[PDB]
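For reference, the structure is listed below as structure tokens.
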């Protein structure tokens, strides 16, 4: 029976996944907001560049 | 009595990680970014229409130069488009017309294709003979190919329908590492910008974050109620978004190990076929089965603009490397390039 081996490997996978350092959601959301704000000016979809600079004009 | 206690321990560990995620979730993305200025209505115009395919388009990938794109159709052809002038650089006739994925190498020398033929063929664009010929046909996947991405000119990671993702060595043709753990068919994968990690969404409503060198899954994300059709990494590589069949897009986070925002609307009932992020990661473009292509706000979950003019179900979506334009391909064998204007 291979069910025991599958259960053991699943248990080991969960054992590995549990021991992971998780930061608070506040810091992660702050990092995402900082990245979005820093590259806002360089985004030609957030802030449409003038039509003279669009390669697809 | 042996496997029963093992499964009880597995359930206890799952509850433990669930409550750890709950405890680490002090707030949510909704209240944190509620004071940010909304992007407003986003108007995108079909600047170019890359007509030429004679069958439904299933995948496309932008080049690194943000000018060339490969599109694969069930016509049996992979056409490399000069999106600036809508010119067909190449027209590679595939061995099998059942192609469900395609990729463009970061160096631009190689392209890949795969599908129901179980083989991830790799084509060499730059050859002394002047034509495009298949270099290495990667075989070893039991299930249909779903998504292939290029690590380098010699390493490519593929996701198949046999519940397994594989890292391939093009020079030798053998799977360097094999990724296992998915219960349902793996439908898409997205390489991290730092190239050292990649996530893969499967039909078991779970996205697993793997490691290219370690070779086994590092984190597993759940929350979807149906199959996951698409996945993309937030530009910083610390988050990703999933497109599923239950008409919702979810923004998971690698570091927080839990979902941050869901992109759902009562009007939309059809699933998502492809997702892609903007250059700054603020706009998440998702392709639905209602022939439309929404442009969600990553930090606001607000419908901001619709790429409505596609006449059929959009199956692939791709934002340029510099974020200049968005190309969406559909089952009407049309590729349309969209970008905003002031």
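Residue numbers (this note's numbering), protein chains in the order written: chain R, 417 to 473; chain W, 601 to 942.
All residues carry an ideal CB built from backbone N, CA and C; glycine is no exception.
With a cutoff of 7 Å on beta-carbon distance, residue 918(W) and residue 644(W) are scored as not near each other. Legend: CB atoms of the stretch 748-768 of chain W lying less than 8 Å from CB atoms of chain R are not found in any residue. The beta carbon of residue 780(W) is closer than 6 Å to those of 764 in its chain, skipping five residues each way along the sequence.
Assigned with DSSP and collapsed to three states, residue 936(W) falls in strand. Scanning the stretch 659-704 of chain W from its first residue to its last, the whole beta strand (DSSP E) runs of 3-plus residues come out as 668-673, 677-682, 687-693, 699-704. At least one C-beta of chain R is nearer than 7 Å to the C-beta of residue 853(W). When CB distances to chain W are screened at a threshold of 7 Å, the residues of the stretch 419-445 of chain R falling below it are 419, 420, 423, 424, 426, 427, 429, 430, 431, 433, 434, 436, 438, 439, 440, 441, 442, 444, 445, in chain order. Only 857, 858, 860 from the stretch 857-875 of chain W bring a Cβ to less than 9 Å from some Cβ of chain R. The Cβ-Cβ distance between residue 760(W) and residue 740(W) does not fall below 7 Å. In the structure shown, residue 788(W) falls within a strand segment according to DSSP collapsed to helix, strand and coil. The residue from 785(W), 625(W), 678(W), 848(W) with its alpha-carbon nearest to that of residue 650(W) is 678(W). Here residue 621(W) carries a helix assignment [DSSP, helix/strand/coil].
Taking C-beta atoms as the reference points, residue 852(W) and residue 833(W) fail to come closer than 7 Å.
Per DSSP, the unbroken alpha helix (DSSP H) holding residue 427(R) starts and ends at 419-434.
Among the CB atoms of chain R, one or more fall inside 7 Å of the CB of residue 879(W).
Sequence-distant partners of residue 691(W) (beyond 5 residues in either direction) whose C-beta falls short of 7 Å from its own C-beta, in its chain, are 677, 679. Here residue 797(W) is bridged, per DSSP, to 811(W). Shortest Cα-Cα distance from residue 921(W) to any of 904(W), 876(W), 728(W) involves 876(W).
Annotated three-state conformation of residue 717(W) is coil, per DSSP.
CA-CA distance, residue 611(W) to residue 809(W), rounds to 21 Å. Across the structure, residue 766(W) and residue 811(W) are spaced so that their CA atoms are roughly 11 Å apart.
Residues of chain R with a Cβ closer than 7 Å to the Cβ of residue 671(W) do not exist; the shortest Cβ-Cβ separation is about 17 Å.
Residues of chain R with a Cβ closer than 8 Å to the Cβ of residue 655(W) do not exist; the shortest Cβ-Cβ separation is about 25 Å. When Cβ pairs closer than 8 Å are counted between the two stretches, the stretch 747-755 of chain W is seen not to touch the stretch 725-735 of chain W, the count staying below three. Rounded to whole angstroms, the Cβ separation of residue 819(W) and residue 428(R) is 15 Å, and the two are not in contact under 8 Å. Three or more pairs of CB atoms, one per stretch, sit closer than 8 Å, so the stretch 657-673 of chain W contacts the stretch 698-717 of chain W. With respect to chain W, the C-beta atom of residue 450(R) has no partner C-beta closer than 7 Å.
In this model, residue 686(W) and residue 896(W) are separated by some 27 Å (Cα to Cα). Around the beta carbon of residue 626(W), a 10 Å sphere encloses fewer than 16 other beta carbons of the protein chains shown; the residue is thus reported as exposed. Spanning the alpha carbons of residue 459(R) and residue 768(W) requires a straight line of approximately 34 Å. Chain R has no Cβ within less than 7 Å of the Cβ of residue 807(W). Residue state for residue 724(W) is assigned as strand, using DSSP reduced to three classes. Residue 447(R) carries a helical assignment under DSSP once its states are collapsed to helix, strand and coil. Inter-segment contact for the stretch 449-458 of chain R and the stretch 850-869 of chain W is absent: fewer than three beta-carbon pairs are separated by less than 8 Å.
Cβ neighbours of residue 456(R) within its own chain (closer than 8 Å, five residues either side excluded): 462, 463. Distance from the CA of residue 646(W) to the CA of residue 836(W), rounded to the nearest whole angstrom, comes to 28 Å.
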